Every structure is written in structure tokens, then in C-alpha cells.
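*Asks:* Dumping the structure here so I can ask a few things about it.
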Amino acid sequence: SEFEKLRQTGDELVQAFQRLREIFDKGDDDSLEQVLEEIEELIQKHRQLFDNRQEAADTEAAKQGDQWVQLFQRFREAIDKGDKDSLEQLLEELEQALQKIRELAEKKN
């Protein structure tokens, strides 16, 4: 099953993501790096559950889930490259994807 675990680890990941937004709006790169690491650890923690037991609530959710991870990677790449423009764009795509995954995960689409 692990659907409960995915939820408990997803909530915390999302919560960290929400925290990431505040720091982003505050332009505090110092706090941002620390949280980015925290988020990455949570991603691994949540993803590892799916890697262990590949059940999922649906295939689309898994596809968007992995896609979100890739977007997160690009988001960081833009931070490392100092690309402020892409950060805003990727952030919007990250939020939309995250909101969609949660919606799907709470039910079966």
C-alpha cells in the first residue's frame, strides 16, 4: 500500500516547498540553499517509497511526480546558473504540477 506513507511524506515535502516559496519571495539565498537540501532529502524519502513498492494510485500521477522532480532539478540548475527569469517560470510550473499531483493522489483519476 504505502499510500498513507506517500501522503505523510508528501505533505511534509509540500510544506517544505511552501517554505521554499517564502524564502524565494524574500530573496534569501542563504536560507534557500538549506531548504533546497531539505526538500531534496524529502523527495528521496517520498520517492524511495515508490521505488520500493511500485503500486501508485495511477500511472499519470507517477509520470507527473517524476516530471516534478525533473522540474525541481531544472529549478535548481537555474539557481546555480543565476537565471532569475527561468526561476519564476519554473516555479509556476512546479506549483501547478504539485497541485495537480496532490489532487490526483487524494482520489483515483
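Residues in the C-alpha cells are numbered from 1 in each chain, the chains being A, B, ... in the order shown, and ligands are numbered from 1 in the order shown.
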Can you list, as a list in words, every residue of segment 24-61 of chain A that DSSP puts in alpha helix (DSSP H)?
*Replies:*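 Restricting segment 24-61 of chain A to alpha helix (DSSP H) produces residues 24, 25, 29, 30, 31, 32, 33, 34, 35, 36, 37, 38, 39, 40, 41, 42, 43, 44, 45, 46, 47, 48, 49, 50, 51, 52, 59, 60 and 61 of chain A.
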*Asks:* Those residues you just picked out, can you put them in a file as a short mmCIF file (atom, residue, chain, number, x, y, z; two decimals), in the first residue's frame with N, CA and C atoms?
*Replies:*
```
data_model
loop_
_atom_site.label_atom_id
_atom_site.label_comp_id
_atom_site.auth_asym_id
_atom_site.auth_seq_id
_atom_site.Cartn_x
_atom_site.Cartn_y
_atom_site.Cartn_z
N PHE A 24 11.98 32.33 -1.28
CA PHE A 24 12.17 32.77 -2.66
C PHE A 24 11.70 34.21 -2.80
N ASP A 25 10.51 34.49 -2.27
CA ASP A 25 9.94 35.84 -2.28
C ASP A 25 10.80 36.81 -1.47
N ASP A 29 18.90 33.74 -0.42
CA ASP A 29 19.65 32.62 -0.99
C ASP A 29 20.29 31.74 0.10
N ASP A 30 20.60 32.33 1.24
CA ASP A 30 21.25 31.60 2.34
C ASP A 30 20.33 30.53 2.89
N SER A 31 19.11 30.92 3.18
CA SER A 31 18.12 30.01 3.71
C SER A 31 17.63 29.07 2.61
N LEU A 32 17.61 29.58 1.38
CA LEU A 32 17.13 28.84 0.22
C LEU A 32 17.94 27.57 0.00
N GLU A 33 19.26 27.67 0.09
CA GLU A 33 20.13 26.51 -0.13
C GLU A 33 19.85 25.42 0.90
N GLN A 34 19.68 25.82 2.15
CA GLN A 34 19.43 24.87 3.23
C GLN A 34 18.11 24.14 3.00
N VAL A 35 17.10 24.89 2.61
CA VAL A 35 15.79 24.33 2.35
C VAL A 35 15.78 23.46 1.10
N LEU A 36 16.56 23.85 0.08
CA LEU A 36 16.65 23.06 -1.15
C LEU A 36 17.20 21.67 -0.84
N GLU A 37 18.13 21.61 0.10
CA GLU A 37 18.70 20.34 0.51
C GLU A 37 17.67 19.53 1.29
N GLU A 38 16.91 20.22 2.14
CA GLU A 38 15.86 19.58 2.94
C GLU A 38 14.80 18.99 2.01
N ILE A 39 14.45 19.76 1.00
CA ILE A 39 13.47 19.34 0.02
C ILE A 39 13.97 18.13 -0.75
N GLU A 40 15.22 18.18 -1.20
CA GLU A 40 15.83 17.07 -1.94
C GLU A 40 15.79 15.79 -1.10
N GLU A 41 16.06 15.92 0.20
CA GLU A 41 16.05 14.77 1.09
C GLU A 41 14.64 14.21 1.20
N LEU A 42 13.65 15.10 1.25
CA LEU A 42 12.26 14.71 1.36
C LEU A 42 11.78 14.05 0.07
N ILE A 43 12.28 14.55 -1.06
CA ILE A 43 11.93 13.98 -2.36
C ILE A 43 12.41 12.54 -2.41
N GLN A 44 13.64 12.32 -1.98
CA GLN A 44 14.22 10.99 -1.94
C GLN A 44 13.44 10.09 -0.98
N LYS A 45 13.07 10.65 0.16
CA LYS A 45 12.31 9.93 1.18
C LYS A 45 10.94 9.49 0.64
N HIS A 46 10.30 10.36 -0.12
CA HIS A 46 8.98 10.09 -0.66
C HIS A 46 9.08 9.17 -1.89
N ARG A 47 10.04 9.46 -2.76
CA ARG A 47 10.26 8.68 -3.98
C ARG A 47 10.71 7.25 -3.66
N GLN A 48 11.54 7.11 -2.63
CA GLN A 48 12.06 5.80 -2.24
C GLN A 48 10.92 4.83 -1.91
N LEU A 49 9.84 5.36 -1.36
CA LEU A 49 8.68 4.55 -1.03
C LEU A 49 8.06 3.97 -2.30
N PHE A 50 8.06 4.77 -3.36
CA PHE A 50 7.51 4.36 -4.64
C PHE A 50 8.47 3.43 -5.36
N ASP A 51 9.77 3.66 -5.16
CA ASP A 51 10.79 2.81 -5.76
C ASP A 51 10.72 1.43 -5.15
N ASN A 52 10.46 1.39 -3.85
CA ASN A 52 10.28 0.14 -3.13
C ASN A 52 9.08 -0.62 -3.68
N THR A 59 -1.07 5.81 -13.01
CA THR A 59 0.14 5.98 -13.79
C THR A 59 0.44 7.46 -14.08
N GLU A 60 -0.61 8.27 -14.26
CA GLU A 60 -0.43 9.69 -14.58
C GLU A 60 0.23 10.42 -13.43
N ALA A 61 -0.17 10.05 -12.21
CA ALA A 61 0.39 10.66 -11.01
C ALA A 61 1.89 10.39 -10.92
#
```
*Asks:* Taking 4 positions as the minimum chain separation for residues in the same chain, which residues sit within 8 Å of segment 87-96 of chain A when counting only C-alpha atoms? Answer as an mmCIF file with N, CA and C atoms, in the first residue's frame.
*Replies:*
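selection38.cif, written as the output of this step:
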```
data_model
loop_
_atom_site.group_PDB
_atom_site.id
_atom_site.type_symbol
_atom_site.label_atom_id
_atom_site.label_comp_id
_atom_site.auth_asym_id
_atom_site.auth_seq_id
_atom_site.Cartn_x
_atom_site.Cartn_y
_atom_site.Cartn_z
ATOM 1 N N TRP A 68 7.931 16.369 -11.966
ATOM 2 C CA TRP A 68 8.104 17.411 -10.961
ATOM 3 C C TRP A 68 9.531 17.391 -10.423
ATOM 4 N N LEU A 71 11.688 18.949 -12.934
ATOM 5 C CA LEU A 71 11.469 20.389 -12.911
ATOM 6 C C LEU A 71 12.213 21.013 -11.741
ATOM 7 N N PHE A 72 12.203 20.315 -10.609
ATOM 8 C CA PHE A 72 12.923 20.765 -9.423
ATOM 9 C C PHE A 72 14.415 20.848 -9.724
ATOM 10 N N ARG A 74 15.756 21.343 -12.690
ATOM 11 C CA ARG A 74 15.960 22.478 -13.590
ATOM 12 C C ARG A 74 15.880 23.776 -12.808
ATOM 13 N N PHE A 75 14.979 23.799 -11.836
ATOM 14 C CA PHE A 75 14.806 24.953 -10.976
ATOM 15 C C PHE A 75 16.110 25.255 -10.257
ATOM 16 N N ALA A 78 18.834 26.532 -12.603
ATOM 17 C CA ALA A 78 18.659 27.927 -12.896
ATOM 18 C C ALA A 78 19.209 28.777 -11.762
ATOM 19 N N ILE A 79 19.156 28.255 -10.532
ATOM 20 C CA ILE A 79 19.660 28.984 -9.379
ATOM 21 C C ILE A 79 21.176 28.982 -9.428
ATOM 22 N N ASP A 83 20.012 32.233 -13.250
ATOM 23 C CA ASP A 83 18.964 32.590 -14.190
ATOM 24 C C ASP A 83 17.685 32.900 -13.432
ATOM 25 N N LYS A 100 -1.619 19.562 -8.953
ATOM 26 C CA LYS A 100 -2.297 18.533 -9.726
ATOM 27 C C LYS A 100 -2.052 17.149 -9.145
#
```
